[PDB]
Each structure stands twice: as C-alpha cells, then as structure tokens.
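Working notes, structure below.
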Amino acid sequence: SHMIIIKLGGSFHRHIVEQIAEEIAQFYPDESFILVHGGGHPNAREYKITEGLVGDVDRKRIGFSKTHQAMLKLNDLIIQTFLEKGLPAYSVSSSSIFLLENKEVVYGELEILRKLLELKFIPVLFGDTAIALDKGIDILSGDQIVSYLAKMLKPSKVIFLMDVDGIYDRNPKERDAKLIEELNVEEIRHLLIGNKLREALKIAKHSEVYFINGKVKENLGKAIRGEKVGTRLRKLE
Amino acid sequence: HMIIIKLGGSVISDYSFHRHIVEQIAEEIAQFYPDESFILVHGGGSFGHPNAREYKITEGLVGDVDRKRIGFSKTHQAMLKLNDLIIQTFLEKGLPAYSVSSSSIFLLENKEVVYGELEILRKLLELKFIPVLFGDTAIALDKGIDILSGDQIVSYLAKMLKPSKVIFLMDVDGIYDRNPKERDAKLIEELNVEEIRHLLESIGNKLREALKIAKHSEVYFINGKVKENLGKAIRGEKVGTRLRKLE
Ligand SMILES: Nc1ncnc2c1ncn2[C@@H]1O[C@H](COP(=O)(O)OP(=O)(O)O)[C@@H](O)[C@H]1O
Ligand SMILES: Nc1ncnc2c1ncn2[C@@H]1O[C@H](COP(=O)(O)OP(=O)(O)O)[C@@H](O)[C@H]1O
Ligand SMILES: C/C=C/COP(=O)(O)O
Ligand SMILES: C/C=C/COP(=O)(O)O
C-alpha cells in the first residue's frame, strides 16, 4: 500500500545517515518506511559462515554469534543516528524472524513488523547471520530480506541507496559508461551487483524499484516522491 | 530434556556489571552443555529499567507519543547493549550463546504474551545453540507500547516448548516465609499452591508465573550468586525452593 522499503549499501559515515534521516523526515509519519542496511561482514569472511556447519562446528558457532553481535553494534549506531534526528527507528533482529534454505528466506515472521509499521514506527533490519535448514548456518544478505518483504508486505516501492548514481551500461570504474534511467526486464537480462539485479527482477513483480546514489541527500526524497532520479524499474506487467 | 534458566535483573546487575557471577553461571552451564539444551532469559538489570522509568514506557502510547517512541527505541538499544555484554561473557567461556530480540517475536496484551514466534528458537536449540532472550520493550495491542518482563517470557516459553525445569536465579536463597528483610524468616524447601496463595493474600508476579509454569515444568528458586547452586538445580538435588510439577 503506502509503504516504502529502503536498502543501504556499504561504507561508518554518520553524515550520510543524518542526510538519509533528514530526507525520510519529510514524509514521516503519513508514509510508512522499512529500513534495511548491510554489513559484521569481516567476521563473516573470517569465520567462513557461508561454508555452513561443517569442519570445526564449535568455532563456527562462536563466529556466528560474534558476527551477529558486530552487526548489532553497527545497527545500534545507525539506530542512534536516526533517534537523534527525531525519528523512532526500532531495531528488528533479522536472524530472529528469518530462516533460510539455499541463500533464500523460506521462513519468516512479519506480524511484529506489521504492528511496528501500524504504530508509526520505522523498523530497521540488517544483513545478518542466519540459521539455514540446509547447511546449518549461513549469511543472509539484505537483498534477500528486501526480496522476502516485497513478496509478502508488497510495498509501494523499494529504493536501493548505492555508491554510484545507478545501474550503468559498463562498469562505473570503466569510464564511457551510460546511465539507464528506464530499466526493464530485457536490459536486466544481460548477465554475462548481479545478485541485486536478480533480486530486482524478482521484486519488480510486486513493487517499483529505484537505484539511486545515497551520497546525494535529496536523491532519496526524489525516489520517494516519484521524480526522475537514478535508475527506475517500474512494476512489471 | 530442556532447561529454561531465568537470570534476575538484580543478581547480574546492581549500573553495576557483575561479570564475575556471569562467568560463574557460564561455567556452571558448561558443566552440562552440550548434552543438555538451555534457554536463558536475563532480567532487565540496571540498563533498561532506568530508561523505562524515565520515559514511562509501561503507561503506553499516551500523551507525548513521540517522546515515548524515542524512549521505546532507546530502552531497546540499552537492553541490546546489556545482551551484548552477557553474550560476549558466555562466548569467551566457550559456550555458543546467540541473541534473540524479545521484541521481535512477541506481542503483548495485558502484561503477557498473546502472540509469539518460536520456530527460530526451536531451530537454534536444535543446532546446539544457547538462545539468550531478555526482558524488553514490546508492542502491546491494547496500550501500544509496554514493558515485557522476563517472567512472562519464561511463562510463555514454558507453556509453549514444555521444558524439563525452569530455574530462577534471585538475590535470596529462594522463597521465604515473608519478606526476607524480616529477621524471623525461613526459606521454604518445597513450595506448593497452598502456601503460595497464602503468601499472595498479603514478589507477586513471580508467584503467578510460577503457578502457571508448574503446570508444564518443575520450578526452582535459587541464589544465582553461588556457584554450585545452578548445577544442583540442573539435577534433582536439594537446593533453594523447589516447586514440583503439578499433578
Ligand atoms: N552496471 C553497473 N551499474 C552500477 N554498478 C555496477 C555495475 N556493474 C558493477 N557495479 C558495481 O557493483 C557494486 C554493487 O554494490 P554491492 O557491493 O552489490 O552493494 P551491496 O553490498 O549493498 O550489495 C557497485 O559498487 C558498483 O560499483
Ligand atoms: N517471600 C519472599 N521470598 C523471597 N523473596 C522475597 C519474598 N518477599 C519479598 N521478596 C523480595 O522480592 C524480590 C524479588 O525480585 P524480583 O522482582 O523477582 O526480581 P526481577 O525484577 O528480576 O524479577 C527479592 O529481591 C526479595 O528480596
Ligand atoms: C553479516 C553481514 C551480512 C551481509 O550484509 P549485506 O550484503 O551487504 O546486505
Ligand atoms: C526494559 C525492561 C526489561 C524487563 O525487566 P525484568 O523485570 O527484570 O525482567
């Protein structure tokens, strides 16, 4: 309905979080917002959590817990930044409501998020460690959380704040690239970032998708208002 | 074949830290893990209680609802901080404790859980993890925002998963005659519904939750500041107050 999901990339830059909160404050509270950020990941690679519950099991469990705690610290920093700006952002543990199989959320709990949104709260989830029915433990990325929430909650739009202006033709590092302001299935179906494109193809069934540069503040508001900004992938037909 | 250990807010804290007794509980549990499953619900402590009192969370979403939402989030963050302390302490002792946000799976009505999600907890206990829940802020359907105590969490988990025993760690050796402040008080070794009811006619919440829990599990009330007390409570040994399973 009148709900918007916002996903954040990677860097801790406090000023950019301040800008994101200030832009979100333009539509609170008559517009519902769910926030999702990413890594914590250093512990994810150091403990090879994606390897599963194989080999040294106890060390993998300890690293699972430590990575979750580091993600909680980063999430608390973001939460306090949002709270100082007068926004009631509430932390929701992703690993406490989600269960994966093959890097995909196959079990979820969403009544708590619904009651948070109803009471004019802003839930904030994170890419996190997670329990996986196949290989015991796994790393759940924020893109999968966004995909599941789009499957179930069906937001009005999903906005990805990236380090670059949006989806490009060539690699942004390889100059002479061009920006695609209007994205559709045929262009996304070019895979020779990729996982984000597959998740966007899955999400466009339910909601509009925006890819905008989070470094520019006003950008966020534009994507929420529907103005031309970055890359836009409309709802599929 | 599952044990639920509740840690009082006044034993593991009081803005004190009390890391020594947390290490003690960690070693006591390590004496039994992995051959046994443990859920640990730690109390509010000196972290979420001051914020809840200052922002008046238990009153609900009334008056200054914006400031109350801000205080809701701040209290949740303080409880997450204390949970990080406890979980790090449990991790350095070689035990795999994992955080579960109580406010992320529970929904309250009249100071008790009326909506819950336990599949994540089940999968955590299956994979030989130790889940660490805590008293928290909570979304209440009647008053909007409320404070969910660890006792109600333990009661809901007991009526849900049906553990073998539920062990409370308190400041005192267990349940006494009257207030242990009075000098003519004697610890009860075997509790029953009669002396319970006779005592409430004069903690209150602990006794109600224990009366509900005894329908599913055996209750223990012991002093958490002593080492072997937890281990004696894990077995059927005589320690503190014992409330046998209802029959
Ligand atoms: N065609 C493209 N358009 C935009 N970015 C691209 C493209 N190809 C590669 N990239 C790069 O891929 C990266 C995607 O960011 P990513 O690490 O996936 O974010 P997250 O960690 O949030 O998933 C960007 O930093 C960008 O430089
Ligand atoms: N009959 C009794 N037996 C034991 N403790 C009692 C009794 N009457 C009063 N108390 C006091 O009540 C307190 C109970 O604390 P409690 O509220 O259970 O802690 P928490 O807030 O962590 O649940 C104890 O510290 C104890 O001093
Ligand atoms: C613990 C880290 C999980 C991954 O986070 P993310 O890919 O970038 O959204
Ligand atoms: C922020 C409040 C948490 C609950 O406190 P508790 O009584 O002692 O379990």
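By convention here, the chains of the structure tokens are called A, B, ... in the order presented, each chain's residues are numbered starting at 1, and ligands are numbered starting at 1 in the order presented.
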Region 32-134 of chain A: which residues are strand (DSSP E) by DSSP, as number ranges by chain? A: 32-37, 89-91, 98-100, 105-108, 122-126, 128-132
Selection from above, C-alpha atoms, as a PDB file, in the first residue's frame, can you write it?
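Ended up saving to again-v3.pdb:
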ATOM      1  CA  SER A  32       5.407   4.003   6.226  1.00  0.00           C
ATOM      2  CA  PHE A  33       9.101   3.148   5.913  1.00  0.00           C
ATOM      3  CA  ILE A  34      11.077  -0.056   6.464  1.00  0.00           C
ATOM      4  CA  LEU A  35      14.863   0.299   6.594  1.00  0.00           C
ATOM      5  CA  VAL A  36      17.434  -2.385   5.758  1.00  0.00           C
ATOM      6  CA  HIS A  37      21.206  -1.973   5.919  1.00  0.00           C
ATOM      7  CA  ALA A  89      13.620   3.819  14.357  1.00  0.00           C
ATOM      8  CA  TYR A  90      13.357   0.430  16.080  1.00  0.00           C
ATOM      9  CA  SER A  91      15.876  -2.375  15.624  1.00  0.00           C
ATOM     10  CA  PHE A  98      14.007 -15.443   9.283  1.00  0.00           C
ATOM     11  CA  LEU A  99      15.026 -18.966   8.244  1.00  0.00           C
ATOM     12  CA  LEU A 100      16.885 -19.685   5.006  1.00  0.00           C
ATOM     13  CA  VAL A 105      14.352 -16.751   3.020  1.00  0.00           C
ATOM     14  CA  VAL A 106      11.998 -19.747   3.210  1.00  0.00           C
ATOM     15  CA  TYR A 107      10.503 -18.925   6.618  1.00  0.00           C
ATOM     16  CA  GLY A 108       9.557 -15.540   8.036  1.00  0.00           C
ATOM     17  CA  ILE A 122      10.285   2.596  11.499  1.00  0.00           C
ATOM     18  CA  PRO A 123      11.706  -0.941  11.702  1.00  0.00           C
ATOM     19  CA  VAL A 124      15.396  -1.264  10.832  1.00  0.00           C
ATOM     20  CA  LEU A 125      16.754  -4.664   9.765  1.00  0.00           C
ATOM     21  CA  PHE A 126      20.254  -5.698   8.760  1.00  0.00           C
ATOM     22  CA  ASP A 128      22.899 -10.745   9.283  1.00  0.00           C
ATOM     23  CA  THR A 129      23.940 -14.246  10.162  1.00  0.00           C
ATOM     24  CA  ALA A 130      21.041 -16.672   9.942  1.00  0.00           C
ATOM     25  CA  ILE A 131      20.037 -20.275  10.512  1.00  0.00           C
ATOM     26  CA  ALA A 132      19.775 -22.260   7.273  1.00  0.00           C
TER      27      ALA A 132
END
task: Would you kindly report the residues of chain A within 6 Å of chain B, using only C-alpha atoms, as JSON, numbers by chain?
output: {"A": [61, 62, 65, 88, 90, 92, 93, 96]}
Would you save the residues from that selection as a PDB file, in the first residue's frame, using N, CA and C atoms?
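For reference, again08.pdb as written:
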ATOM      1  N   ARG A  61      30.112 -21.861  15.344  1.00  0.00           N
ATOM      2  CA  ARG A  61      29.036 -21.328  16.178  1.00  0.00           C
ATOM      3  C   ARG A  61      29.475 -20.058  16.904  1.00  0.00           C
ATOM      4  N   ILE A  62      30.686 -20.073  17.468  1.00  0.00           N
ATOM      5  CA  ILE A  62      31.197 -18.890  18.157  1.00  0.00           C
ATOM      6  C   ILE A  62      31.304 -17.715  17.191  1.00  0.00           C
ATOM      7  N   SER A  65      27.878 -16.218  16.448  1.00  0.00           N
ATOM      8  CA  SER A  65      27.424 -15.308  17.497  1.00  0.00           C
ATOM      9  C   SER A  65      28.184 -13.983  17.464  1.00  0.00           C
ATOM     10  N   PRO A  88      11.594   7.653  15.169  1.00  0.00           N
ATOM     11  CA  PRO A  88      11.514   6.473  16.056  1.00  0.00           C
ATOM     12  C   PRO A  88      11.865   5.176  15.337  1.00  0.00           C
ATOM     13  N   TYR A  90      13.308   1.547  15.146  1.00  0.00           N
ATOM     14  CA  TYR A  90      13.357   0.430  16.080  1.00  0.00           C
ATOM     15  C   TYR A  90      14.085  -0.740  15.437  1.00  0.00           C
ATOM     16  N   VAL A  92      15.101  -4.413  14.564  1.00  0.00           N
ATOM     17  CA  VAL A  92      14.488  -5.733  14.470  1.00  0.00           C
ATOM     18  C   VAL A  92      15.568  -6.718  14.049  1.00  0.00           C
ATOM     19  N   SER A  93      15.820  -7.717  14.892  1.00  0.00           N
ATOM     20  CA  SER A  93      16.841  -8.715  14.599  1.00  0.00           C
ATOM     21  C   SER A  93      16.398  -9.582  13.426  1.00  0.00           C
ATOM     22  N   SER A  96      16.267 -13.340  14.024  1.00  0.00           N
ATOM     23  CA  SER A  96      15.265 -13.779  14.983  1.00  0.00           C
ATOM     24  C   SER A  96      13.917 -14.085  14.345  1.00  0.00           C
TER      25      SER A  96
END
Near residue 213 (chain B), counting only C-alpha atoms, which residues have an atom at most 12 Å away, once you skip same-chain residues fewer than 5 positions from it, shown as a list in words?
residues 4, 151, 152, 153, 154, 155, 156, 157, 158, 159, 160, 161, 162, 163, 164, 165, 166, 167, 168, 206, 207, 208, 218, 219, 220, 243, 244, 245 and 246 of chain B
How would the residues just chosen look if you wrote them out with C-alpha atoms as a PDB file, in the first residue's frame?
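In the end it all went to result_34.pdb:
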ATOM      1  CA  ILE B   4      14.998 -22.686  30.997  1.00  0.00           C
ATOM      2  CA  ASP B 151       8.992 -13.716  33.812  1.00  0.00           C
ATOM      3  CA  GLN B 152       6.199 -13.527  31.229  1.00  0.00           C
ATOM      4  CA  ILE B 153       8.691 -14.592  28.547  1.00  0.00           C
ATOM      5  CA  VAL B 154       9.618 -17.648  30.613  1.00  0.00           C
ATOM      6  CA  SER B 155       5.949 -18.441  31.266  1.00  0.00           C
ATOM      7  CA  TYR B 156       5.109 -18.307  27.555  1.00  0.00           C
ATOM      8  CA  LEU B 157       8.157 -20.399  26.632  1.00  0.00           C
ATOM      9  CA  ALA B 158       7.227 -22.940  29.316  1.00  0.00           C
ATOM     10  CA  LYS B 159       3.638 -23.307  28.126  1.00  0.00           C
ATOM     11  CA  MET B 160       4.992 -23.493  24.544  1.00  0.00           C
ATOM     12  CA  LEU B 161       8.055 -25.762  24.482  1.00  0.00           C
ATOM     13  CA  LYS B 162       7.414 -27.561  27.816  1.00  0.00           C
ATOM     14  CA  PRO B 163      10.936 -27.652  29.302  1.00  0.00           C
ATOM     15  CA  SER B 164      12.061 -30.167  31.898  1.00  0.00           C
ATOM     16  CA  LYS B 165      12.672 -27.469  34.517  1.00  0.00           C
ATOM     17  CA  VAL B 166      12.710 -23.695  34.960  1.00  0.00           C
ATOM     18  CA  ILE B 167      15.353 -22.247  37.295  1.00  0.00           C
ATOM     19  CA  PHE B 168      15.176 -18.681  38.629  1.00  0.00           C
ATOM     20  CA  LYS B 206       6.985 -14.395  40.204  1.00  0.00           C
ATOM     21  CA  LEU B 207       4.422 -16.456  42.122  1.00  0.00           C
ATOM     22  CA  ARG B 208       1.755 -16.104  39.411  1.00  0.00           C
ATOM     23  CA  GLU B 218       9.308 -28.131  37.654  1.00  0.00           C
ATOM     24  CA  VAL B 219      10.308 -24.772  39.141  1.00  0.00           C
ATOM     25  CA  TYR B 220      13.439 -23.914  41.122  1.00  0.00           C
ATOM     26  CA  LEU B 243       8.056 -26.286  43.174  1.00  0.00           C
ATOM     27  CA  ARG B 244       7.212 -29.764  41.908  1.00  0.00           C
ATOM     28  CA  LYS B 245       5.310 -30.298  38.674  1.00  0.00           C
ATOM     29  CA  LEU B 246       1.547 -30.006  39.054  1.00  0.00           C
TER      30      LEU B 246
END
**Asked** In Å, with one decimal, what is the gap from CA of residue 59 (chain A) to CA of residue 95 (chain A)?
**Response**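 CA of residue 95 (chain A) lies 18.8 Å from CA of residue 59 (chain A).
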Please find the residues contacting ligand 1 at a distance of at most 6 Å between atoms, with only C-alpha atoms and all ligand atoms counted, and report them as JSON, numbers by chain. {"A": [8, 9, 10, 163, 166, 167, 168, 169, 170, 171, 172, 193]}
Taking a cut-off of 7 Å and counting only C-alpha atoms and all ligand atoms, can you build a table that, for each residue of chain A near ligand 3, reports the nearest atom pair and how far apart they are in Å (one decimal), sorted by chain then residue number, as JSON lines?
{"residue": "A:9", "atom": "CA", "partner": "ligand 3", "partner_atom_place_in_ligand_line": "8 (O)", "distance": 6.2}
{"residue": "A:10", "atom": "CA", "partner": "ligand 3", "partner_atom_place_in_ligand_line": "8 (O)", "distance": 6.4}
{"residue": "A:37", "atom": "CA", "partner": "ligand 3", "partner_atom_place_in_ligand_line": "9 (O)", "distance": 5.9}
{"residue": "A:38", "atom": "CA", "partner": "ligand 3", "partner_atom_place_in_ligand_line": "9 (O)", "distance": 3.4}
{"residue": "A:39", "atom": "CA", "partner": "ligand 3", "partner_atom_place_in_ligand_line": "5 (O)", "distance": 4.2}
{"residue": "A:40", "atom": "CA", "partner": "ligand 3", "partner_atom_place_in_ligand_line": "1 (C)", "distance": 4.5}
{"residue": "A:41", "atom": "CA", "partner": "ligand 3", "partner_atom_place_in_ligand_line": "2 (C)", "distance": 4.2}
{"residue": "A:44", "atom": "CA", "partner": "ligand 3", "partner_atom_place_in_ligand_line": "1 (C)", "distance": 5.7}
{"residue": "A:67", "atom": "CA", "partner": "ligand 3", "partner_atom_place_in_ligand_line": "1 (C)", "distance": 6.1}
{"residue": "A:68", "atom": "CA", "partner": "ligand 3", "partner_atom_place_in_ligand_line": "1 (C)", "distance": 6.8}
{"residue": "A:71", "atom": "CA", "partner": "ligand 3", "partner_atom_place_in_ligand_line": "1 (C)", "distance": 6.0}
{"residue": "A:126", "atom": "CA", "partner": "ligand 3", "partner_atom_place_in_ligand_line": "9 (O)", "distance": 6.7}
{"residue": "A:127", "atom": "CA", "partner": "ligand 3", "partner_atom_place_in_ligand_line": "5 (O)", "distance": 3.8}
{"residue": "A:128", "atom": "CA", "partner": "ligand 3", "partner_atom_place_in_ligand_line": "1 (C)", "distance": 4.1}
{"residue": "A:129", "atom": "CA", "partner": "ligand 3", "partner_atom_place_in_ligand_line": "1 (C)", "distance": 5.4}
{"residue": "A:139", "atom": "CA", "partner": "ligand 3", "partner_atom_place_in_ligand_line": "3 (C)", "distance": 5.7}
{"residue": "A:140", "atom": "CA", "partner": "ligand 3", "partner_atom_place_in_ligand_line": "3 (C)", "distance": 5.9}
{"residue": "A:141", "atom": "CA", "partner": "ligand 3", "partner_atom_place_in_ligand_line": "7 (O)", "distance": 4.2}
{"residue": "A:142", "atom": "CA", "partner": "ligand 3", "partner_atom_place_in_ligand_line": "9 (O)", "distance": 3.7}
{"residue": "A:143", "atom": "CA", "partner": "ligand 3", "partner_atom_place_in_ligand_line": "9 (O)", "distance": 6.1}
Please write the residues from the selection above to a file, keeping N, CA and C atoms, as a PDB file, in the first residue's frame.
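The resulting file, again.pdb, is shown below:
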ATOM      1  N   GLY A   9      23.646   0.435   1.116  1.00  0.00           N
ATOM      2  CA  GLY A   9      24.852  -0.270   0.728  1.00  0.00           C
ATOM      3  C   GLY A   9      25.895  -0.301   1.826  1.00  0.00           C
ATOM      4  N   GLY A  10      27.168  -0.213   1.447  1.00  0.00           N
ATOM      5  CA  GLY A  10      28.246  -0.251   2.414  1.00  0.00           C
ATOM      6  C   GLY A  10      29.092   1.006   2.427  1.00  0.00           C
ATOM      7  N   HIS A  37      19.816  -2.290   6.215  1.00  0.00           N
ATOM      8  CA  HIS A  37      21.206  -1.973   5.919  1.00  0.00           C
ATOM      9  C   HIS A  37      22.043  -3.247   5.893  1.00  0.00           C
ATOM     10  N   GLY A  38      23.296  -3.101   5.461  1.00  0.00           N
ATOM     11  CA  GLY A  38      24.205  -4.214   5.317  1.00  0.00           C
ATOM     12  C   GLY A  38      25.400  -4.107   6.249  1.00  0.00           C
ATOM     13  N   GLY A  39      26.272  -5.104   6.143  1.00  0.00           N
ATOM     14  CA  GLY A  39      27.468  -5.164   6.963  1.00  0.00           C
ATOM     15  C   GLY A  39      28.601  -4.304   6.440  1.00  0.00           C
ATOM     16  N   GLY A  40      30.312  -6.158  10.303  1.00  0.00           N
ATOM     17  CA  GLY A  40      29.860  -7.519  10.525  1.00  0.00           C
ATOM     18  C   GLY A  40      30.391  -8.498   9.499  1.00  0.00           C
ATOM     19  N   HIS A  41      30.345  -8.093   8.230  1.00  0.00           N
ATOM     20  CA  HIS A  41      30.883  -8.923   7.158  1.00  0.00           C
ATOM     21  C   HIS A  41      32.340  -9.344   7.384  1.00  0.00           C
ATOM     22  N   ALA A  44      32.152 -12.329   9.003  1.00  0.00           N
ATOM     23  CA  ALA A  44      31.502 -13.315   8.144  1.00  0.00           C
ATOM     24  C   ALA A  44      32.515 -14.030   7.255  1.00  0.00           C
ATOM     25  N   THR A  67      29.693 -12.493  14.909  1.00  0.00           N
ATOM     26  CA  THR A  67      29.259 -11.713  13.758  1.00  0.00           C
ATOM     27  C   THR A  67      27.902 -11.074  14.012  1.00  0.00           C
ATOM     28  N   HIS A  68      26.983 -11.820  14.636  1.00  0.00           N
ATOM     29  CA  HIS A  68      25.694 -11.232  14.985  1.00  0.00           C
ATOM     30  C   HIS A  68      25.868 -10.046  15.927  1.00  0.00           C
ATOM     31  N   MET A  71      27.176  -7.020  13.953  1.00  0.00           N
ATOM     32  CA  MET A  71      26.059  -6.449  13.209  1.00  0.00           C
ATOM     33  C   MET A  71      25.141  -5.658  14.129  1.00  0.00           C
ATOM     34  N   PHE A 126      18.877  -5.669   9.221  1.00  0.00           N
ATOM     35  CA  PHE A 126      20.254  -5.698   8.760  1.00  0.00           C
ATOM     36  C   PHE A 126      20.562  -7.035   8.106  1.00  0.00           C
ATOM     37  N   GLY A 127      21.441  -6.995   7.106  1.00  0.00           N
ATOM     38  CA  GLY A 127      22.062  -8.208   6.618  1.00  0.00           C
ATOM     39  C   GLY A 127      22.789  -8.862   7.772  1.00  0.00           C
ATOM     40  N   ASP A 128      22.518 -10.139   8.018  1.00  0.00           N
ATOM     41  CA  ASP A 128      22.899 -10.745   9.283  1.00  0.00           C
ATOM     42  C   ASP A 128      23.239 -12.211   9.067  1.00  0.00           C
ATOM     43  N   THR A 129      23.878 -12.799  10.073  1.00  0.00           N
ATOM     44  CA  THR A 129      23.940 -14.246  10.162  1.00  0.00           C
ATOM     45  C   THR A 129      22.525 -14.808  10.266  1.00  0.00           C
ATOM     46  N   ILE A 139      24.888 -16.834   5.764  1.00  0.00           N
ATOM     47  CA  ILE A 139      24.902 -15.376   5.771  1.00  0.00           C
ATOM     48  C   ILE A 139      23.725 -14.908   4.925  1.00  0.00           C
ATOM     49  N   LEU A 140      22.737 -14.291   5.572  1.00  0.00           N
ATOM     50  CA  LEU A 140      21.598 -13.701   4.886  1.00  0.00           C
ATOM     51  C   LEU A 140      21.919 -12.252   4.533  1.00  0.00           C
ATOM     52  N   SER A 141      21.933 -11.952   3.239  1.00  0.00           N
ATOM     53  CA  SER A 141      22.189 -10.601   2.775  1.00  0.00           C
ATOM     54  C   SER A 141      20.922  -9.756   2.870  1.00  0.00           C
ATOM     55  N   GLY A 142      21.114  -8.435   2.847  1.00  0.00           N
ATOM     56  CA  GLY A 142      19.978  -7.531   2.908  1.00  0.00           C
ATOM     57  C   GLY A 142      19.080  -7.622   1.692  1.00  0.00           C
ATOM     58  N   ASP A 143      19.648  -7.977   0.537  1.00  0.00           N
ATOM     59  CA  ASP A 143      18.846  -8.098  -0.676  1.00  0.00           C
ATOM     60  C   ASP A 143      17.798  -9.195  -0.538  1.00  0.00           C
TER      61      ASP A 143
END
Please provide the set of residues having any atom within 7 Å of region 41-57 of chain B, restricted to only C-alpha atoms, with same-chain residues fewer than 6 positions apart removed, written as a tab-separated table (two decimals) with N, CA, C and O atoms, in the first residue's frame.
chain	number	residue	atom	x	y	z
B	5	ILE	N	16.60	-21.22	32.09
B	5	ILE	CA	17.25	-20.54	33.20
B	5	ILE	C	16.97	-19.05	33.07
B	5	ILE	O	17.39	-18.41	32.10
B	6	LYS	N	16.25	-18.49	34.05
B	6	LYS	CA	15.99	-17.06	34.11
B	6	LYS	C	16.96	-16.41	35.09
B	6	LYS	O	17.15	-16.90	36.21
B	7	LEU	N	17.59	-15.33	34.65
B	7	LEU	CA	18.55	-14.57	35.45
B	7	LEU	C	17.88	-13.28	35.89
B	7	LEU	O	17.49	-12.46	35.05
B	8	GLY	N	17.75	-13.09	37.20
B	8	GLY	CA	17.12	-11.89	37.71
B	8	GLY	C	17.89	-10.64	37.33
B	8	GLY	O	19.10	-10.67	37.11
B	9	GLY	N	17.16	-9.53	37.24
B	9	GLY	CA	17.79	-8.26	36.91
B	9	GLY	C	18.66	-7.71	38.02
B	9	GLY	O	19.56	-6.91	37.75
B	10	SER	N	18.40	-8.11	39.26
B	10	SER	CA	19.13	-7.60	40.42
B	10	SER	C	20.30	-8.47	40.83
B	10	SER	O	21.08	-8.05	41.70
B	12	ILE	N	22.47	-10.23	38.31
B	12	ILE	CA	23.52	-9.98	37.32
B	12	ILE	C	23.87	-8.51	37.19
B	12	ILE	O	24.82	-8.17	36.48
B	13	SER	N	23.13	-7.62	37.85
B	13	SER	CA	23.39	-6.19	37.81
B	13	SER	C	23.08	-5.59	39.17
B	13	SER	O	22.48	-6.23	40.03
B	14	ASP	N	23.50	-4.34	39.35
B	14	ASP	CA	23.29	-3.60	40.60
B	14	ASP	C	23.84	-4.36	41.80
B	14	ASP	O	24.09	-3.77	42.86
B	15	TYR	N	24.02	0.70	38.30
B	15	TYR	CA	24.59	0.46	36.98
B	15	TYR	C	25.80	-0.46	37.06
B	15	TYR	O	26.77	-0.30	36.32
B	68	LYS	N	7.69	9.05	23.72
B	68	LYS	CA	7.56	7.68	24.20
B	68	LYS	C	8.10	6.68	23.18
B	68	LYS	O	8.70	5.67	23.56
B	71	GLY	N	11.88	6.89	23.52
B	71	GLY	CA	12.32	6.16	24.70
B	71	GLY	C	12.17	4.66	24.55
B	71	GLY	O	12.98	3.89	25.07
B	72	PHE	N	11.13	4.22	23.85
B	72	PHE	CA	10.99	2.82	23.46
B	72	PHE	C	12.24	2.32	22.76
B	72	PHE	O	12.86	1.32	23.17
B	75	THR	N	15.40	2.36	25.10
B	75	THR	CA	15.40	1.26	26.05
B	75	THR	C	15.74	-0.05	25.37
B	75	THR	O	16.48	-0.88	25.92
B	78	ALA	N	19.47	-0.07	24.90
B	78	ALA	CA	20.18	-0.34	26.15
B	78	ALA	C	20.12	-1.82	26.50
B	78	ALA	O	21.13	-2.41	26.94
B	79	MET	N	18.96	-2.45	26.32
B	79	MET	CA	18.85	-3.88	26.59
B	79	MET	C	19.71	-4.68	25.61
B	79	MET	O	20.30	-5.70	25.99
B	82	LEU	N	23.26	-4.53	27.01
B	82	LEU	CA	23.46	-5.48	28.11
B	82	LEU	C	23.49	-6.92	27.60
B	82	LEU	O	24.26	-7.75	28.11
B	132	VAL	N	19.62	-16.59	24.07
B	132	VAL	CA	19.64	-15.66	25.20
B	132	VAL	C	18.60	-14.59	24.90
B	132	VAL	O	18.87	-13.62	24.18
B	133	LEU	N	17.41	-14.75	25.47
B	133	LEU	CA	16.37	-13.74	25.45
B	133	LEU	C	16.50	-12.84	26.68
B	133	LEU	O	17.27	-13.09	27.60
B	134	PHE	N	15.69	-11.78	26.69
B	134	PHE	CA	15.78	-10.79	27.75
B	134	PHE	C	14.45	-10.06	27.87
B	134	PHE	O	13.71	-9.93	26.89
B	135	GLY	N	14.17	-9.59	29.09
B	135	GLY	CA	13.11	-8.62	29.24
B	135	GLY	C	13.37	-7.41	28.36
B	135	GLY	O	14.51	-7.00	28.15
B	145	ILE	N	2.57	0.51	23.53
B	145	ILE	CA	3.91	0.10	23.92
B	145	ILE	C	3.89	-0.30	25.39
B	145	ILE	O	3.24	0.36	26.21
B	146	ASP	N	4.61	-1.37	25.72
B	146	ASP	CA	4.64	-1.88	27.08
B	146	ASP	C	6.03	-2.44	27.37
B	146	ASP	O	6.89	-2.50	26.49
B	147	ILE	N	6.24	-2.84	28.62
B	147	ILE	CA	7.48	-3.45	29.06
B	147	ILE	C	7.19	-4.92	29.32
B	147	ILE	O	6.45	-5.26	30.26
B	150	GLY	N	10.88	-10.54	31.84
B	150	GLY	CA	11.42	-11.86	31.55
B	150	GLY	C	10.58	-12.98	32.13
B	150	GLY	O	10.59	-14.10	31.61
Spatial neighbours of residue 82 (chain A), 9 Å, only C-alpha atoms, chain gap at least 6 places, as a PDB file with C-alpha atoms, in the first residue's frame:
ATOM      1  CA  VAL A  17      22.939   8.585   7.772  1.00  0.00           C
ATOM      2  CA  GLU A  18      21.985  12.061   9.007  1.00  0.00           C
ATOM      3  CA  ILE A  20      19.022   9.878   4.956  1.00  0.00           C
ATOM      4  CA  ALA A  21      17.134  10.512   8.203  1.00  0.00           C
ATOM      5  CA  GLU A  22      16.505  14.160   7.304  1.00  0.00           C
ATOM      6  CA  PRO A  88      11.514   6.473  16.056  1.00  0.00           C
ATOM      7  CA  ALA A  89      13.620   3.819  14.357  1.00  0.00           C
TER       8      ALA A  89
END
- From B:171, B:136, B:228, B:201, residue lying nearest ligand 4 [only C-alpha atoms and all ligand atoms]: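 Closest residue, counting only C-alpha atoms and all ligand atoms: B:136.
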Note to self: Using Å and a single decimal, report how far CA of residue 215 (chain A) sits from CA of residue 164 (chain A).
What the structure shows: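 Answer for the CA of residue 164 (chain A) to CA of residue 215 (chain A) separation: 8.2 Å.
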